[PDB]
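Under mature numbering (1 follows the signal peptide of the UniProt record, and there is no 0), the letters of the sequence shown match residues 70 to 399, in that order. Right, one structure below, let's go through it.
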Amino acid sequence: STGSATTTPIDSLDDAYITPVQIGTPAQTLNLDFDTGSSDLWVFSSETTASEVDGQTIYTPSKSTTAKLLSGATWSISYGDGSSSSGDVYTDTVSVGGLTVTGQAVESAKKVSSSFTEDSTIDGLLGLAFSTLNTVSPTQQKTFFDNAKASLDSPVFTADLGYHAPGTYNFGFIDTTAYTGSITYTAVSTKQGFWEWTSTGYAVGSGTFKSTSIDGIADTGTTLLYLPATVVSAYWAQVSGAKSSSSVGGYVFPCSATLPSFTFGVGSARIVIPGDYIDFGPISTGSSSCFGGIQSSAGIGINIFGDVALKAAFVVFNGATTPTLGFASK
Ligand SMILES: CC[C@H](C)CNC(=O)CP(=O)(O)[C@H](CC(C)C)NC(=O)[C@H](Cc1c[nH]c[nH+]1)NC(=O)[C@H](Cc1ccccc1)NC(=O)OC(C)(C)C
């Protein structure tokens with residue numbers, strides 16, 4: 070079987086993308102943030118502390134005939150930006166773009182941090198990294214992808230995120246009409262539990278490609294592109310009004326400028342991010358200063374190929390026994 074769902078940016082800046090998910094019987098549609106940097110499927114629900122719920126849509130396990138409480142199981146997760154959530158777990162039918170999985174673990178939030186309450190458009194997250202990062206205790210639960218692998222026509226899922234436009238998430242098949250040229254695959258290390266790979270180098274604008282190993286993770290749940298401080302400094306050195314701003318927290322530049330492109334290597338292939346994808350947007354509505362899409366990963370402790378990077382390509386998350394990552398220009 071296969072599944073195909075449209076994913077849309079939550080705002081005009083492409084801060085995150087939401088994809089509709091059907092949970093329970095009859096189906097309860099929630100808009101989730103598909104995250105390749107985490108492994109938990111959690112949602113706001115009838116159990117979440119009332120005062121911590123904004124206008125998000127909640128899952129009511131009591132209204133679903135197929136919901137089953139997973140006795141004794143609890144969960145607690147903290148993300149890179151400091152947000153967190155926790156609760157109990159239920160198993161229920163979950164469908165994404167026509168692909169249905171039964172007995173999928175749906176983690177019910179009892180409490181959520183301030184940033185989640187504040188984001189009215191995100192109803193929860195759907196983890197797509199390796200099941201080893203799942204926070205359910207005492208026994209970890211499999212991700213939606215791991216549970217679907219048996220029925221998938223092919224153990225794969227593709228990410229085709231749009232630039233200021235909708236995109237698509239497909240499960241079990243590769244849409245040959247969605248990209249140009251051929252897909253180049255690169256090995257993945259599951260040691261840290263992420264979709265971890267090593268880039269072959271980079272190039273700024275129309276300059277020279279520098280062969281240097283860049284170990285990073287493909288994470289659809291992170292907005293920006295975080296690279297080593299020296300590579301980021303080399304990029305910004307090509308933008309005359311750009312500077313590192315301690316108050317804003319990163320490189321900023323005149324919205325006025327035409328940014329050079331940024332190329333990253335995948336084995337022998339090259340993925341080019343258009344300079345405009347690097348212009349995230351004004352620091353404030355009406356400001357003449359814009360926030361850069363490429364920032365230093367020095368403080369994160371790890372390089373992350375976020376949305377700004379991923380949206381410039383067609384990405385294939387190949388989940389076979391020995392997983393691999395494929396990238397194609399589009
Ligand atoms: C089991 C623990 C796992 C290893 C946790 N995994 C992670 O924290 C990585 P993630 O991709 O799952 C996680 C998902 C988010 C929805 C919280 N992303 C993050 O934690 C990163 C912050 C970060 C990561 N690393 C260093 N800093 N968040 C982000 O990148 C958020 C995403 C977002 C935007 C808008 C609305 C909702 C969500 N965007 C963001 O911060 O954008 C600006 C930099 C412009 C402010």
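Every residue gets a Cβ at the ideal spot worked out from N, C-alpha and C, and that includes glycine.
### Query
Which runs of the beta strand (DSSP E) fall wholly inside the stretch 326 to 384 and span at least 3 residues, in chain order?
331 to 335, 338 to 342, 348 to 351, 358 to 361, 363 to 365 and 372 to 374
### Task
Can you have a look at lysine 260 and say buried or exposed, based on whether 16 or more other CB atoms are within 10 angstroms of its CB?
Reading the sequence shown from its first residue, position 191 is the one you call residue 260. Per the 10 Å Cβ criterion, exposed.
### Query
For ligand 1, is there a heavy atom less than 7 Å away from the beta-carbon of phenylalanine 349?
Position 280 of the sequence shown, counted from the first residue, corresponds to residue 349. Flag set: Cβ of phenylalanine 349 near ligand 1.
### Task
Could you work out which residue in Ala85, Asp102, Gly395 and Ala74 is closest to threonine 255 when comparing CA atoms only?
On the sequence shown, position 186 is the one that residue 255 refers to. Measuring from the Cα of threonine 255, the nearest candidate turns out to be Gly395.
### Query
Taking the C-alpha atoms as reference points, what is the distance between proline 297 and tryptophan 305?
Reading the sequence shown from its first residue, position 228 is the one you call residue 297. Reading the sequence shown from its first residue, position 236 is the one you call residue 305. The C-alpha of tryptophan 305 is placed about 13 Å away from the C-alpha of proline 297.
### Message
Quick check: is any heavy atom of ligand 1 less than 7 Å from the C-beta of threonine 292?
### Response
Taking the sequence shown and counting its residues from 1, the one referred to as residue 292 is at position 223. True, at least one ligand heavy atom lies under 7 Å from that Cβ.
### Query
At which residues does the alpha helix (DSSP H) containing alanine 311 begin and terminate?
Looking up residue 311 in the sequence shown gives position 242. That residue, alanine 311, is in no alpha helix (DSSP H); it is neither H nor E in DSSP.
### Query
Just to check, is the beta-carbon of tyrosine 148 closer than 7 Å to a non-hydrogen atom of ligand 1?
Stepping through the sequence shown from its first residue, residue 148 is reached at position 79. Result yes, Cβ under 7 Å from ligand 1.
### Message
Suppose you measure from the CA of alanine 303 to the CA of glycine 276; what does that come to, to the nearest Å?
### Response
As a position in the sequence shown, residue 303 is number 234, starting the count at 1. As a position in the sequence shown, residue 276 is number 207, starting the count at 1. Cα to Cα, the separation comes out at about 11 Å.
#### Entry: Secondary structure of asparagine 387, DSSP reduced to three states
If you number the sequence shown from 1, residue 387 lands on position 318. The answer is strand: DSSP assigns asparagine 387 an E or B state.
### the stretch 130 to 138 touching the stretch 320 to 329, judged by at least three CB pairs closer than 8 Å
Contact check between the stretch 130 to 138 and the stretch 320 to 329: fewer than three CB pairs, one atom from each, fall below 8 Å, which does not count as touching.
### For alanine 217, the three-state DSSP class (helix, strand or coil)
As a first step, residue 217 must be located in the sequence shown, where it is residue number 148. Correct three-state label for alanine 217: helix.
### Query
Using the C-alpha atoms, what's the distance from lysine 211 back to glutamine 173?
Residue numbering aside, residue 173 sits at position 104 when the sequence shown is read from its first letter. Residue numbering aside, residue 211 sits at position 142 when the sequence shown is read from its first letter. So the two alpha carbons sit approximately 8 Å from each other.
### Task
Report, in whole angstroms, the separation of the C-beta atoms of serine 73 and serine 200, which I expect to be a contact under 8 Å.
Working through the sequence shown from its first residue, we reach residue 73 at position 4. Working through the sequence shown from its first residue, we reach residue 200 at position 131. Contact check for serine 73 and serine 200: beta-carbon distance about 23 Å, past the 8 Å limit, so the pair fails to qualify.
### Query
What residue from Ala247, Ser268 and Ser251 has the CA that sits closest to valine 257's CA?
The residue labelled residue 257 in the question sits at position 188 within the sequence shown. Checking every option, the nearest Cα to that of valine 257 belongs to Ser268.
### Query
Given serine 182, which residues of its chain have a CB within under 7 Å of its CB, disregarding the five upstream and five downstream residues?
Position 113 of the sequence shown, counting from 1, holds the residue named residue 182. Around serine 182: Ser152, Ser153 and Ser154.
### Task
Please determine if the stretch 90 to 105 and the stretch 287 to 294 are in contact, where contact requires at least 3 C-beta pairs separated by less than 8 Å.
yes
### Message
Using the Cβ count rule (16 or more neighbours within 10 Å means buried), how would you classify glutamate 187?
### Response
Residue numbering aside, residue 187 sits at position 118 when the sequence shown is read from its first letter. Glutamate 187 is exposed by the Cβ-count criterion.
### Task
Between the Cα of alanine 219 and those of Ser145, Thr390, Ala397 and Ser398, spot the shortest distance and give me the residue it belongs to.
Sequence index remark: in the sequence shown, residue 219 carries index 150 (1-based). That would be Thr390, whose Cα lies nearest to the Cα of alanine 219.
### Query
Is there contact here, the stretch 229 to 246 with the stretch 375 to 382, by at least three beta-carbon pairs under 8 Å?
Because the criterion of three Cβ pairs below 8 Å is met, the stretch 229 to 246 and the stretch 375 to 382 touch.
### Query
Can you name the residues that DSSP bridges to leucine 194?
Position 125 of the sequence shown holds residue 194. Its beta-bridge partners are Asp102 and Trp111.
### Task
Return the chain-ordered list of same chain residues with a C-beta closer than 8 Å to the C-beta of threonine 160, the five sequence neighbours on each side being excluded.
What you label residue 160 is simply residue 91 of the sequence shown in a count that begins at 1. The residues are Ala136, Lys137, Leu139, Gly172, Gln173, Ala174 and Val175.
### Query
Is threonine 354 buried or exposed, if buried means 16 or more other CB atoms sit within 10 Å of its CB?
One-based indexing of the sequence shown puts residue 354 at position 285. Under this definition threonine 354 is an exposed residue.
### Task
Since I believe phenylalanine 242 is in contact with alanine 217 (beta carbons under 8 Å), could you give me their beta-carbon distance rounded to a whole number of angstroms?
Looking up residue 217 in the sequence shown gives position 148. Looking up residue 242 in the sequence shown gives position 173. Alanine 217 to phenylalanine 242, Cβ: 12 Å. No contact.
### Message
If I follow the unbroken beta strand (DSSP E) through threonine 237, where does it start and stop?
### Response
As a position in the sequence shown, residue 237 is number 168, starting the count at 1. Taken as a continuous stretch (DSSP letters only), the beta strand (DSSP E) holding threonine 237 covers 236 to 240.
#### Entry: Environment of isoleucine 342 [buried if 16+ CB atoms lie within 10 Å]
Taking the first residue of the sequence shown as position 1, residue 342 is located at position 273. So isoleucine 342 counts as buried.
### Task
Would you kindly work out how many angstroms separate the C-alpha atoms of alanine 178 and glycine 236, rounded to a whole number?
Locating residue 178 in the sequence shown gives position 109, counting from the first residue. Locating residue 236 in the sequence shown gives position 167, counting from the first residue. The straight-line gap from Cα to Cα measures roughly 28 Å.
### Query
Going along the chain, which residues of its own chain have a beta-carbon closer than 6 Å to the beta-carbon of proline 130, five neighbours each way excluded?
The residue you call residue 130 lines up with position 61 of the sequence shown. Closer than 6 Å at Cβ, skipping near neighbours: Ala136 and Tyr159.
### Cα-Cα separation between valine 122 and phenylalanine 113, rounded to whole angstroms
In the sequence shown, the residue the question calls residue 122 occupies position 53. In the sequence shown, the residue the question calls residue 113 occupies position 44. Straight-line Cα distance between these residues: approximately 8 Å.
### Query
Does ligand 1 have a heavy atom nearer than 7 Å to the CB of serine 107?
Walking along the sequence shown from the start, residue 107 turns up at place 38. Yes, the Cβ of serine 107 comes within 7 Å of a heavy atom of ligand 1.
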